[PDB]
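Rule-based calculations on the coordinates, nothing more; no lab input. Every residue, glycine among them, receives a Cβ derived from its backbone with ideal geometry; neighbour counts consider all protein chains shown.
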Amino acid sequence: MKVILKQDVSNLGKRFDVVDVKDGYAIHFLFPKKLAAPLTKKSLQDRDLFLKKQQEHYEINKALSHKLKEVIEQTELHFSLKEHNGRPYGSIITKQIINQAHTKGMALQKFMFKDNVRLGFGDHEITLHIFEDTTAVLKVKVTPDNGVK
Amino acid sequence: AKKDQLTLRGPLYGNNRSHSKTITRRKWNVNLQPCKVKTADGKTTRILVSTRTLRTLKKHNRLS
Amino acid sequence: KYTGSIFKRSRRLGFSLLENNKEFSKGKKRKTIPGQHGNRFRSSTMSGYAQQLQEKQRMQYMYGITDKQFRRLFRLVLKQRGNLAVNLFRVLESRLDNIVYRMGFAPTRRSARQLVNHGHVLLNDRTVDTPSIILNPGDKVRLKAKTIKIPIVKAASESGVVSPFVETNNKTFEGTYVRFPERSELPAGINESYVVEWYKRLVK
RNA sequence: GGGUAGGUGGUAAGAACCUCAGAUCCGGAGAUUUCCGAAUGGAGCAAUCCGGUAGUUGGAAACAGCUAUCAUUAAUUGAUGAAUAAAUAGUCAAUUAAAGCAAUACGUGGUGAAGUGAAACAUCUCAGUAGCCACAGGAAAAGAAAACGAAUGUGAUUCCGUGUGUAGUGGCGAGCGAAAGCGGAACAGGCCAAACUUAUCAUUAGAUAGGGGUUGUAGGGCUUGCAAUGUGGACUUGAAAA
RNA sequence: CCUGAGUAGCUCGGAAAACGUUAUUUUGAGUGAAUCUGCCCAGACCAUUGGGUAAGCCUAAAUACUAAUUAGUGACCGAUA
RNA sequence: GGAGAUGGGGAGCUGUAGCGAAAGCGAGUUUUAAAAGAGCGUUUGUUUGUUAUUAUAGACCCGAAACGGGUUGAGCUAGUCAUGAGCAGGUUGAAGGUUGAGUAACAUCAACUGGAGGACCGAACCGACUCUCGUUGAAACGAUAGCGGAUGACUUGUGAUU
RNA sequence: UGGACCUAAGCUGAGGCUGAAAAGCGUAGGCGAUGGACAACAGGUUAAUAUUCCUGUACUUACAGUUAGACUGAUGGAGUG
RNA sequence: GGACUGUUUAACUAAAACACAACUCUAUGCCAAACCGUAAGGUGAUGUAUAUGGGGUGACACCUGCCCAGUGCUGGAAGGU
RNA sequence: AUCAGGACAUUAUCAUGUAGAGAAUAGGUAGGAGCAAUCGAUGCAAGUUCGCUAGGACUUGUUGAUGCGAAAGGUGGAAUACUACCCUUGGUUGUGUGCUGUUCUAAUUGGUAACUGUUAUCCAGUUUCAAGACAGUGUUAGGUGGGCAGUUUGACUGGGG
RNA sequence: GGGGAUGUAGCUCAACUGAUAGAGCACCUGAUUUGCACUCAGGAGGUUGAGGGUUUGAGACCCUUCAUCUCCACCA
Ligand SMILES: [Mg+2]
Ligand SMILES: [Mg+2]
Ligand SMILES: [Mg+2]
Ligand SMILES: [Mg+2]
Ligand SMILES: [Mg+2]
Ligand SMILES: [Mg+2]
Ligand SMILES: [Mg+2]
Ligand SMILES: [Mg+2]
Ligand SMILES: [Mg+2]
Ligand SMILES: [Mg+2]
Ligand SMILES: [Mg+2]
Ligand SMILES: [Mg+2]
Ligand SMILES: [Mg+2]
Ligand SMILES: [Mg+2]
Ligand SMILES: [Mg+2]
Ligand SMILES: [Mg+2]
Ligand SMILES: [Mg+2]
Ligand SMILES: [Mg+2]
Ligand SMILES: [Mg+2]
Ligand SMILES: [Mg+2]
Ligand SMILES: [Mg+2]
Ligand SMILES: [Mg+2]
Ligand SMILES: [Mg+2]
Ligand SMILES: [Mg+2]
Ligand SMILES: [Mg+2]
Ligand SMILES: [Mg+2]
Ligand SMILES: [Mg+2]
Ligand SMILES: [Mg+2]
Ligand SMILES: [Mg+2]
Ligand SMILES: [Mg+2]
Ligand SMILES: [Mg+2]
Ligand SMILES: [Mg+2]
Ligand SMILES: [Mg+2]
Ligand SMILES: [Mg+2]
Ligand SMILES: [Mg+2]
Ligand SMILES: [Mg+2]
Ligand SMILES: [Mg+2]
Ligand SMILES: [Mg+2]
Ligand SMILES: [Mg+2]
């Protein structure tokens with residue numbers, strides 16, 4: 001069925017387009033990740049009329065995403081010290097969402113589908129790298145420090 | 001019970017006809033498949049629903 | 001059979017199918033339903049008969065009749081001698097309560113019928129409780145004395161007002177008549193005769 | 001209120017009283033109404049046991065009397081509030097309803113056999129009967145044609161007679177058996193959605209509350225005029241009469 | 001411009017109607033339309049003709065019954081009934 | 001209309017034309033090329049009352065072993081679980097240990113201790129192998145005399161449960 | 001001797017799960033002795049009651065006042081039971 | 001004849017019958033196999049192949065021979081249906 | 001979602017092809033006259049099938065004038081410039097889906113662990129781990145299935161069998 | 001009751017798609033060892049299941065049958 005997509009995806013389309021994709025990748029992957037949107041104004045001719053507003057809507061959500069990027073870039077003070085043996089036992093046990101226990105609400109939201117961090121989420125006692133992707137062009141670099149309480 | 005939560009449509013009892021038209025009571029069950037939806041601030045709540053309501057849910061934009 | 005929670009399901013969809021069928025918005029319409037039904041009529045293009053049908057309603061309503069009773073009276077008068085367009089008029093106007101209202105001791109026809117049914121009414125060769133007996137042109141209808149024992153009296157006055165085909169003396173409570181109502185005394189509220197031919201089709 | 005000269009229920013005599021300021025008795029309207037029982041403060045082996053809370057009276061207090069309240073579920077509202085910032089889950093409080101029973105009877109729906117017959121038996125019949133369960137109501141159910149059906153045809157539903165044991169349907173066997181039409185009982189047709197429009201919601205409304213509309217010889221909305229102020233209801237409050 | 005879509009149809013298993021499943025009605029699984037020059041129906045089906053407007057709601061009366069109250073009746077029983 | 005006879009109600013039903021599967025024809029019709037031949041027809045009605053038989057209902061009455069659906073039963077009994085209680089009395093004397101001899105050191109032997117055994121005899125207790133009696137009995141299963149087990153796979157009380 | 005104290009098998013069981021319906025399972029809580037904790041013995045008396053009535057001598061638990069001393073220490077942890 | 005002690009047809013059969021320690025085969029890697037229900041749930045088992053379930057034989061001692069044609073079970077490339 | 005491969009199945013092109021005969025390895029059929037030839041021939045150079053080592057052919061450059069005896073000898077059902085369409089097969093790009101071996105996670109699953117509701121082995125929510133489009137469940141269709149159910153299993157007979 | 005395919009030496013099989021039937025085995029002969037086999041090679045063993053139809057050219061392509069097989073169907 002017909003689906004319009006938001007961001008840039010390796011297959012199918014680029015920014016605006018109409019793709020006939022199976023609901024499995026659409027209703028479970030493209031939609032929760034904000035990579036696509038359902039029938040605009042509930043039809044096709046309705047979609048054509050509303051595209052003259054969809055362009056500016058895409059511009060402003062990208063614009064607020066740039067605003068979101070500045071807010072994380074102005075602080076870089078997300079701090080966490082672990083409680084462990086320390087000398088022979090060093091590993092971050094915060095998983096990933098404990099760090100989001102310091103982003104959403106307190107500071108920039110930084111949703112679970114937005115931060116494209118690896119599956120190791122940092123396992124070091126020193127400065128590390130956090131990568132977050134607001135859009136398909138912006139890359140976010142965060143440097144959190146670690147240690148012993 | 002084995003029933004949908006969106007609608008109230010439940011099982012359908014009927015006959016199991018075979019060769020020689022031997023009668024044995026059988027039960028057709030509805031396709032209760034888990035499904036998550038966004039209602040009241042998008043609150044996701046797993047709800048066992050019939051595939052028909054799931055198709056109905058998919059076309060009605062609720063399921064996103 | 002559990003915590004159905006109609007709020008949970010109704011809001012769950014906000015449109016779907018079942019909500020809109022049920023949509024608590026559902027108003028009352030407790031007067032729209034009754035009144036318009038009530039009774040209608042008008043004339044149309046394709047069947048013509050619309051005029052005839054509407055006239056029947058008016059005619060039947062003028063005396064407070066159910067359609068079944070009317071079919072009986074038409075069946076009775078239909079077979080006799082000939083062009084009986086003078087007979088059924090006497091038959092329709094021969095109602096006892098109609099005569100009681102036209103006699104002038106009741107404010108309205110239905111009130112007279114109520115009186116008749118409540119046993120106010122004394123006849124000649126008989127007495128009367130049922131407000132539907134078909135009376136003969138020259139018959140008397142002596143009113144009871146208990147009714148005068150309940151002076152509301154306001155009635156007697158209407159009696160004298162009368163219409164020429166009825167001869168009744170006020171206070172003395174007595175009545176009869178002759179020269180059955182001509183069409184003048186049956187005003188243009190309902191004065192037509194092709195509803196009559198219609199009843200031959202519907203009633204054999 | 002009616003109505004009297006007796007009354008104090010039966011096995012029932014006697015003792016002792018009441019009663020003409022109108023008793024006993026009959027009718028209408030009220031008062032009281034222990035405990036168990038849906039039982040509902042908690043329990044429990046029914047007619048029992050053990051309480052909490054807020055009052056008030058005695059005591060010097062424990063305590064003891066005398067009152068009211070204290071179940072659960074659902075809906076609404078308000079307060080509080082996790083994992084986890086927000087927000088919910090959850091928690092608490094208030095208000096409103098529900099519980100159960102019976103009429104060995106009728107209704108609807110779900111579920112649903114077997115004895116038996118077919119001279120055996122499996123299709124079939126029995127029979128959608130018995131039974132089980134849910135929900136009522138004073139009836140219930142049904143109901144206003146995307147219909148019958150073959151015609152210059154009828155024009156909601158329901159019930160009765162006929163059509164007929166007919167057309168048909170059946171290991172074409174046992175069996176089963178209408179729908180039209182006709183004659184009768186009664187008769188009544190209404191109302192929303194969408195268009196269009198109004199006001200408001202970070203108006204992303206795709207939502208809320210109003211006006212407009214309810215159809216088939218198509219209807220309604222858009223624009224523009226004439227005629228209308230009536231008739232009738234399945235309708236609210238009152239007053240009066242029978 | 002509006003006239004009720006996972007709807008009407010279709011396929012696979014069942015059923016309701018007198019019918020032992022089939023034109024009509026219904027549904028467990030799957031699929032899936034159109035918008036008055038439209039859609040459904042007139043026992044497979046097609047064309048002509050005709051009939052009717054599905055996928056929204058409510059509807060008194062005639063109909064079914066008597067545990068109970070009042071009056072009454074019986075070619076009903078009269079202590080093994 | 002009296003819980004009436006009845007009046008209204010002709011909706012319908014039987015007979016009046018039959019033959020053919022049927023369209024169809026008609027005192028004729030079916031078969032057939034046939035008119036011939038043959039089959040069927042070319043007339044005797046209807047509504048009630050009574051009797052007899054018959055069809056559907058339980059159908060003249062009594063009688064099954066059964067089948068299906070629902071409830072009540074583990075106070076007897078079978079098992080399991082929880083918590084308690086009981087086995088008079090008397091014998092046999094294991095493993096093991098100690099000491100001594102012995103062994104190069106073991107092994108082995110002797111004495112003492114120890115008191116185990118689905119151990120032994122035998123009461124209460126549990127069970128029921130035999131004779132006799134009883135067989136409408138004292139008793140819907142016992143009585144007398146014997147009999148087996150009797151510290152255990154034991155017996156039993158209470159409560160729960162299938 | 002049993003409740004106002006406690007639990008075993010087991011029962012019930014808000015929420016909750018499962019199931020055409022009735023219902024089944026089950027958490028927190030609550031019941032549930034055949035067990036655990038808890039202070040009275042001797043004698044006499046009536047036709048019928050007696051660690052219960054009477055005599056004699058005791059013990060236990062609460063509340064208030066008072067004297068002296070002491071900082072009191074659980075819905076939880078630990079030991080015993 | 002049964003190894004034994006024991007258990008069994010309440011109310012005609014206590015035995016050579018059943019059971020028993022022991023032997024062997026088979027299934028089972030744990031959300032195990034197996035089992036009650038429709039399912040939840042539960043037994044197995046708060047166990048883990050030195051463990052659990054099922055079939056057969058039945059102390060101890062010595063032995064248990066041949067047949068894989070048929071049936072059952074396990075595995076198998078392709079090929080035919 | 002996806003990687004390839006093969007399944008659901010078999011996709012598109014011209015070469016190529018000896019019956020013999022026939023300067024010819026003719027698989028064809030016809031059509032068509034003259035044709036190559038800067039609408040530059042030729043030839044070797046060399047890639048290749050192939051061998052009835054003949055032939056199918058050629059490709060490209062060589063190149064600078066030979067041409068085409070497959071115009072025209074030529075035989076042949078088959079043909080002789082030139083134009084079409086006529087086919088197996090080498091060659092062309094496919095394999096969409098499932099599958100067949102794979103990878104990934106977001107559907108979904110857990111009788112892994114943790115926190116909260118919560119003084120709580122259940123349940124719910126949030127994670128973490130392990131799986132993963134598998135599994136489980138629904139519908140449809142085969143196989144096995146006395147575990148279970150409803151029934152049948154004749155009559156004559158010097159009684160019955 | 002259809003649908004497909006097969007039929008070739010005596011047997012088991014190539015089928016030599018029309019430009020004129022072959023192989024192993026069966027059998028005869030020859031060689032072949034002290035003997036038996038074994039081994040090698042010639043010869044023999046074919047009217048192409050049968051009939052009909054068409055081309056100049058069919059066992060070979062078409063039609064019809066016969067027998068066989070595998071499929072389906074397979075409620076008198
Ligand atoms: Mg049956
Ligand atoms: Mg008085
Ligand atoms: Mg039967
Ligand atoms: Mg029978
Ligand atoms: Mg109703
Ligand atoms: Mg149809
Ligand atoms: Mg039926
Ligand atoms: Mg039309
Ligand atoms: Mg419509
Ligand atoms: Mg009696
Ligand atoms: Mg007597
Ligand atoms: Mg009559
Ligand atoms: Mg003749
Ligand atoms: Mg006669
Ligand atoms: Mg027991
Ligand atoms: Mg001893
Ligand atoms: Mg012993
Ligand atoms: Mg207790
Ligand atoms: Mg005790
Ligand atoms: Mg005594
Ligand atoms: Mg023995
Ligand atoms: Mg013994
Ligand atoms: Mg015995
Ligand atoms: Mg015995
Ligand atoms: Mg399970
Ligand atoms: Mg366990
Ligand atoms: Mg074991
Ligand atoms: Mg044995
Ligand atoms: Mg033996
Ligand atoms: Mg073998
Ligand atoms: Mg096998
Ligand atoms: Mg579990
Ligand atoms: Mg799957
Ligand atoms: Mg199957
Ligand atoms: Mg079988
Ligand atoms: Mg059987
Ligand atoms: Mg039977
Ligand atoms: Mg016999
Ligand atoms: Mg014999």
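Per-structure values
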quantity: Count - residues of the stretch A:29-79 that are among the hydrophobic types (A, V, I, L, M, F, W, C) and part of a loop (DSSP other than H, G, I, E, B); calculated: 5
quantity: Whichever residue in the stretch B:1-32 is surrounded by 11 or more Cβ atoms within 10 Å (Cβ to Cβ) and hydrophobic (A, V, I, L, M, F, W, C) and, among such residues, is farthest from RNA strand I (Cβ to nearest atom); calculated: B:8
quantity: Residue among B:6, B:32 that is within 14 Å of another protein chain (Cβ to nearest Cβ) and touching a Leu at 6+ places or on another chain (Cβ under 8 Å); calculated: B:6
quantity: Members of the stretch C:2-13 that are more than 8 Å from chain B (Cβ to nearest Cβ) and either surrounded by 13 or more Cβ atoms within 10 Å (Cβ to Cβ) or under 22 Å from residue B:59 (Cα atoms) (or both); calculated: C:8, C:10
quantity: Residue in the stretch B:9-29 that is nearest to the other protein chains (Cβ to nearest Cβ), counting only those that are assigned to a loop (DSSP other than H, G, I, E, B) and small (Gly, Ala, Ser); calculated: B:10
quantity: Complete set of residues in the stretch C:16-52 that are acidic (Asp, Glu) and either within 14 Å of chain B (Cβ to nearest Cβ) or within 16 Å of RNA strand I (Cβ to nearest atom) (or both); calculated: C:19
quantity: Number of positions in the stretch C:51-108 that are of a type in the set (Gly, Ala, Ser) and either within 16 Å of RNA strand E (Cβ to nearest atom) or out of contact with any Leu (no Cβ under 9 Å at 6 or more places or on another chain) (or both); calculated: 4
quantity: Selected residue (criterion: farthest from residue C:156 (Cα to Cα)) from residues of the stretch C:75-108 that are within 14 Å of the chain's Cα centre (by Cα) and polar (S, T, N, Q); calculated: C:94
quantity: Index of the failed condition, residue C:67 passing every other in (1) touching a residue at least 60 places away in the same chain (Cβ under 8 Å); (2) more than 23 Å from residue C:175 (Cβ to Cβ); (3) surrounded by fewer than 17 Cβ atoms within 10 Å (Cβ to Cβ); calculated: (1)
quantity: Pairs, first touching a residue at least 60 places away in the same chain (Cβ under 8 Å) and within 10 Å of chain A (Cβ to nearest Cβ) in the stretch B:49-64, second assigned to a loop (DSSP other than H, G, I, E, B) and crowded, with 17+ Cβ neighbours inside 10 Å, C-beta under 9 Å, six or more apart; calculated: none
quantity: Any hit, the stretch A:7-20, residues being surrounded by 12 or more Cβ atoms within 10 Å (Cβ to Cβ), small (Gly, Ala, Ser), within 14 Å of chain B (Cβ to nearest Cβ) and in contact with a strand residue (DSSP E or B) (Cβ under 6 Å, 6 or more places away or on another chain); calculated: no
quantity: Of all residues in the stretch C:110-157 being among the basic types (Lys, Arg) and closer than 17 Å to residue C:177 by Cβ, the one that is surrounded by the most Cβ atoms within 10 Å (Cβ to Cβ); calculated: C:142
quantity: Test: residue in the stretch B:33-46 that is within 30 Å of residue A:31 (Cα to Cα), touching a residue at least 24 places away in the same chain (Cβ under 8 Å), surrounded by fewer than 17 Cβ atoms within 10 Å (Cβ to Cβ) and within 17 Å of the chain's Cα centre (by Cα); calculated: no
quantity: The stretch B:33-46 - residue that is in contact with a helix residue (DSSP H, G or I) (Cβ under 8 Å, 6 or more places away or on another chain) and not hydroxyl-bearing (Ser, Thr, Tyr) and, of those, nearest to RNA strand F (Cβ to nearest atom); calculated: B:33
quantity: Test: residue in the stretch C:178-194 that is touching a residue at least 24 places away in the same chain (Cβ under 8 Å), of a type in the set (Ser, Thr, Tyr) and assigned to a strand (DSSP E or B); calculated: no
quantity: Cβ-Cβ under 9 Å pairs, at least 6 apart or on other chains, the stretch C:138-163 side touching a residue at least 12 places away in the same chain (Cβ under 8 Å), far side exposed (fewer than 12 other Cβ atoms within 10 Å of the Cβ) and not in a helix (DSSP H, G or I); calculated: C:138/C:178; C:139/C:125; C:148/C:171; C:156/C:171; C:159/C:169; C:159/C:171; C:160/C:169
quantity: Any hit, the stretch C:87-104, residues being among the aromatic types (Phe, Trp, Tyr), touching a residue at least 24 places away in the same chain (Cβ under 8 Å) and surrounded by 21 or more Cβ atoms within 10 Å (Cβ to Cβ); calculated: no
quantity: Cβ-Cβ under 9 Å pairs, at least 6 apart or on other chains, the stretch A:6-19 side within 21 Å of residue A:45 (Cα to Cα), far side among the hydroxyl-bearing types (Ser, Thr, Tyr); calculated: A:6/A:58; A:15/A:58; A:16/A:58
quantity: Residues of the stretch A:39-59 that turn out to be of a type in the set (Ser, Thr, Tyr), within 14 Å of another protein chain (Cβ to nearest Cβ) and within 26 Å of the chain's Cα centre (by Cα), as a count; calculated: 1
